[PDB]
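Coming up, as structure tokens: structure 1 and structure 2, two forms of one and the same protein chain.
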Structure 1
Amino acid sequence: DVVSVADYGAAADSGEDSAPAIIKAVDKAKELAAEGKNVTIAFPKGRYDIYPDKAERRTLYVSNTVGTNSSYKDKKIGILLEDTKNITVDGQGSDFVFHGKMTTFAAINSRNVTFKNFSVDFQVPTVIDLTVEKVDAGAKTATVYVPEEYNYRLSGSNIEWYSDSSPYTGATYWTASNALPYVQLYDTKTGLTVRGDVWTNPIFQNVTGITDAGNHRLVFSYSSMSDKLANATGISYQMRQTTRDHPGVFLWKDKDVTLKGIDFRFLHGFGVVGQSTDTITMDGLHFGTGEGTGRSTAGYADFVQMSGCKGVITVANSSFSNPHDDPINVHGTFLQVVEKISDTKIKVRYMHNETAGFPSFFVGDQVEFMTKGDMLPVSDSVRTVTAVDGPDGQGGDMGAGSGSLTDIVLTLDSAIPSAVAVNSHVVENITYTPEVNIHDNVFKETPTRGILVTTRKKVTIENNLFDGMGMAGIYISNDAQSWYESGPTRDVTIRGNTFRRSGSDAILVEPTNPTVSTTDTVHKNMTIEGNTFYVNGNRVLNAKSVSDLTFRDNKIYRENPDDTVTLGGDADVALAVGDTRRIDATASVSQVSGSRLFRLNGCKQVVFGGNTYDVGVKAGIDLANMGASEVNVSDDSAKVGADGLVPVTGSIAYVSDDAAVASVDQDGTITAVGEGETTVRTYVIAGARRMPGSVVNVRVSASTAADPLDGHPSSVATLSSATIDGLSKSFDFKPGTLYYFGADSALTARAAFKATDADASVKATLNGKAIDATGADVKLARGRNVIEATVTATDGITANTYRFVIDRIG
């Protein structure tokens, strides 16, 4: 049972609006679904343009966006499955290009529906990503690359931005001028994204003029060159409005939704929102800009928001790059008790201004009450909802209504506990709490937190890579003070993940309760095991109010090891055959400053065991609002209430190139053996790593007179050469400099990389795709091309990722 959009007027690659034809095709699919058929809506492979003008329009109130604001209550939706079941939307590899401000696709009141096999983009994205390519502090100018997707007109020192236009009316969908309200910084050189001063864009401070240099480059002139702007070369400044007028995808009141094999190249307004939906599976989603664009923002805000859902939320085999908020947030909403009408009837209120106007309770749901101050449940407070009067989330009333989009009146099956009082207690819907399974994903290029999750059901975060999270890699809060986002946790497992280039704590557990309790804790039963943490000054774990917290069998490594062996005793020795000389070699092993790796704040029944700590890290524990009697380190080497620095005492090994000329024992005594010249090499072993140190050259004249590296594989993880030919100007490669940036008109290049240690593994990519690191002819696409070379030493632990970034000039 197949419905092709081609039979309803949507030709592939037509350049015409497909929105009316998709509506008709969905209509037919719904007819067949209502006959009991499993239906596929097929898109013959190609580009499809979907405009908002004729798209389905719905009044919708959406968690974590714009709250009750009536200016934005009406949503345009490009592909809407409503009130249906058993329908797969199969793009068959098509490219869907949306226009203006709209939601891309949605399912509402629908069961067993799937979206798969297409990309999602906008003609003119609403985040404007400007790369500074050159700055001239002497002339006080900067050269700014405006990606080809954007339209603009110049007027003196102003730039005016505009979208594309309606085919039906000629209306411009939106316009703006100069700096948009919010900006964040994607450093294309390092591949790190951070927030700085988000309300001050340095491209647009003290601009005196702008000139079009052609090829989509603008030369800005300034009355003064700030420090922020002087160091801006290679930075893509991602600027936008902050109003979340649309969800990017909306999955409201569904059951068994699957999204899979979708490339989200840009989402306007917000990310994928699940709301009051039972079971959503997300598999093989790639949020990120890719080859062929100079843009860098993929998400106007969050990528995945699961608000008040239930069943199982799965995110698997997916990748996340350059949102303007958290990649993943699974949570519910606390509503505050604002009126006790009777012992079985209360009014509750949406307290945060971006979440309001939709139902968080249906008849039959179970609720539980919480004391705001200590964020602990009221004992014996689970009740079943028997009646709901409040907003239905599409502008109408559930029950009698409440007279307000922020207020819901609940009737409960039995008298609530006497302790529950207005404004001191909140209510959580405990039916709409999901199990969470996030595994085999890649998170990078993110200015905020990687994963937020607050649910009482089973949570598994397993086998993910975190690189460059600007804030905590994993953040588990529970908040009835500012964000009003619910979910005390009861069963969390964080296992097999790798954290790299962490901008803050790798893992942060911090409910926002002001009052720290000695009887109970907010969260319980959290197990953090088998992860690898590369550390460089920030904590591994910062946990507040968790009981039965276990941290075991993890591996902690220095992210930037700097080891050597110095000599002092002359590096040049001449010997007579039979005589001996001793090397005065002393090992040098770098250590990581900053915080103790662990902090615990009001926790109970904490156990550390079986963890591996690299030399030179502060494997120690800070305690707050708790005693050491709640922390068990009997089976671990972490120290309570002390730094617990792992000693930086390296051992020294000695290997001669040619022992027929000169031999050496493991004390550093050279023995002249034969005539000739040879070099004896030192190596510093420090924990699981082995680095070379200074060498000694031995010259031995006539007279009448390796196995210490076994179990110590090499940790050399540098390149010795990196050549990129075919460019107007060449990079000045240095083994110690990882990151390079340039802009060039070249259409092709030849790249070759060589490891310092020929045994080390080199993995090279162009725009994420593997290339032959020994030598590859590469095509440079439109926009920003990124050649990455990752060298992994033979120890399997030490790696460096080099980046060569070229903006194409065309």
Structure 2
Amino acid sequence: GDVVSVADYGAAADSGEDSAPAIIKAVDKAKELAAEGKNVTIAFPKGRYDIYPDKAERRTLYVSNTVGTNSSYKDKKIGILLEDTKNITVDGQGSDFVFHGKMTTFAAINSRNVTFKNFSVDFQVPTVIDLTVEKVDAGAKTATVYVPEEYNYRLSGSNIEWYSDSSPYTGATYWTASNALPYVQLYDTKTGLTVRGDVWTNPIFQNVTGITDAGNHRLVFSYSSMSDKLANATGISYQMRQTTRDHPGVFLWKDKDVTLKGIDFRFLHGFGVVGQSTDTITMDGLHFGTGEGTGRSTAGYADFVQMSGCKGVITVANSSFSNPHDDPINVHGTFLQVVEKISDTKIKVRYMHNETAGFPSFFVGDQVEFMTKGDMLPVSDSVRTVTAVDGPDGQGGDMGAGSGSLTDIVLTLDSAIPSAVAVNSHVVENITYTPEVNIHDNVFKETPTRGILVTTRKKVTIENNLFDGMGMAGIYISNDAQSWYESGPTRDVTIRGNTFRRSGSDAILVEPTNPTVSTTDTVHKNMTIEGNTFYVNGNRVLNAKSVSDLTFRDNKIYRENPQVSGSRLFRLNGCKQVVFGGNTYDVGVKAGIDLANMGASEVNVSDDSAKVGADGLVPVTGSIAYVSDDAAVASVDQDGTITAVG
């Protein structure tokens, strides 16, 4: 089909000029051709392109999991915007896109069969400031801090004043900050592990007396007092930032069949890639991670991939994720709480978490289901179809008659709702906007939080991924109408063929946040965890709450560093019909199962070495153990309990 080259609309490769106006003109041309029925490629002759926010498209938008209703951030600048169109591929052809200030890099709204491919994404001055403590001198009370080339600063006594680049149009500085930015997390240059410590206390900026420029991108800080934190800082990168998610990194809203492939995300400001009310998104060969040509380490200001209230198939494939400041992937919807029963067929529901509000979670024709918050179980026979929606449209206007509030949506339903549905005790899930999820052949590393969060009732496959060094659970499946109000329950989860290394916590945590644990129904159903390799070092493999038909089979559990310290490998809390079979365990791990809110009759270990209600410490295999005559023998009984240590 047709090719639209940005060079024909004012944007030369490697020009040092602002390409934002030319890109708008190229997109306008592409949409003209697409409206005639053509398949269009917007091509970027390979090179660097700078994209500034000043003249970029501006839209009022309410974006899941960012800033909720906050009027100070409701307007977004968007570097490349495909709006109300179809059949357009943005082909960077290997170009490097450099964005400026605070803005969204690219976005598609109300569009179908759109693709973004083959470019890198970066910011001139990233809004996460990565400072590495290269050496500390407790005697002189100094610290030598490496400041990457990208950042601009002015020294003023004991103060350092950070600033971005400036607008070419007005000379205004896009942003400034002073000394320690609000949040900091820790990347150990030695181990490659990223963790959250005390995120609100940066030891670089504690008791500073003066700063001097030692040249070659190094500063020397001087301190009145030498705290223990600072004394141990050698080799630690302190990655600091504001936490306001003022823009999504990428926004895919009310689209259908979106593809992102072959994109190198070297830095995303504000948030990650946000899919919202979109049918089918494919993410293939994405690399979230700083390049070779930078001393920076942060690639994400927050999460990498957020798929909120989507449907169709969400695919994440052949991609890598390194150093976000929050979870790499979260696929979820939003529970809204019943706050008024207007009639048997009409209810007002409310966004209860202050970072998710202001956009539609319901359209006419969608199906919804009601849940009781306390046990997080569905109301029997509570599926209804939406026949009218009055509330925010996500752009500052009204759907239907509107609701008068960015947090409230009035729904009319096709028949009377169950009489038990009441204000505050019940929430509503849009069950039409639940996606199938296929996350396979990816690499997750340098992550302080969880690896993957996924909560959908459709088919979930998490397969052949490597999780290396997740600071919290590798995979986390919740379902929550307590703090986060993220739906929904799972019905078909397969976790297969993954490897878990250097787990900072449980490898797999299933923890819906219901305070009431039902002993007769479960929140989640039909979960299979098979063929995985778990390297363990004192944390659990599986900690699962309120799952029925849970199978853990044919996995391999190895000690990472090959009376007994560490947790039993397994914990089950209010589960039903649990089956263990065919797993292999290294000698010396606690292949045992802690039980909460349930008895042993619901756990079948007849085909496995794991022990219910005991340590299950795995002894040497066979009837004869070969032991050095200078080593001690710990005798292990048939439940995996040590009886004596010589």
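Only the largest set of C-alpha atoms that superpose within 1.5 Å between the two forms is called the rigid core. Only residues modelled in both forms are compared. Just so we're on the same page, residue numbers count up from 1 along structure 1's sequence.
Residue shifts between structure 1 and structure 2, rigid core superposed: of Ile280, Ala653, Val135, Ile346, the only C-alpha displaced by 2 Å or more belongs to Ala653.
Core-superposed comparison between structure 1 and structure 2: the C-alpha position of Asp413 differs by less than 2 Å. Relative to the superposed core, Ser663 undergoes a C-alpha shift of no less than 2 Å between structure 1 and structure 2. Summarising the core-aligned comparison between structure 1 and structure 2, the C-alpha atom of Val607 is found to shift 0.2 Å. Core-based superposition between structure 1 and structure 2 shows that the consecutive residues, three or more at a time, whose C-alphas shift by 2 angstroms or more lie in 591-593, 648-674.
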